[PDB]
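All remarks here apply to the structure that follows.
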Amino acid sequence: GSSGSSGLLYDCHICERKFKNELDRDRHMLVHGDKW
Ligand SMILES: [Zn+2]
Numbered sequence: 001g002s003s004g005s006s007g008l009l010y011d012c013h014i015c016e017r018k019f020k021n022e023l024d025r026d027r028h029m030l031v032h033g034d035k036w
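Residues in the sequence shown are numbered from 1 upward in steps of one, following the authors' numbering.
Set out below in structure tokens:
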């Protein structure tokens, strides 16, 4: 539905997660990519 109760814009394409900013999501993507 269309409700004004949410604070997540970015979403992960590995674990179907969701973050607030590209940072919280970006730093997370690392857990997936073998960049670490
Ligand atoms: Zn993920």
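Every residue, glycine too, gets a C-beta built ideally from N, C-alpha and C.
Contact check, residue i vs residue j, beta carbons under 9 Å
i	j	result
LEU9	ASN21	yes
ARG17	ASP26	no
Distance between beta carbons of residue j and residue i, contact taken as under 8 Å
i	j	result
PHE19	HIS28	7 Å
N- and C-terminal bounds of the alpha helix (DSSP H) containing residue i
i	result
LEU8	Neither: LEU8 is in no alpha helix (DSSP H) and is coded neither H nor E.
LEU23	22–29
Residue from the options with nearest C-alpha to residue i
i	options	result
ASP24	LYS35, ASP34, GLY7	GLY7
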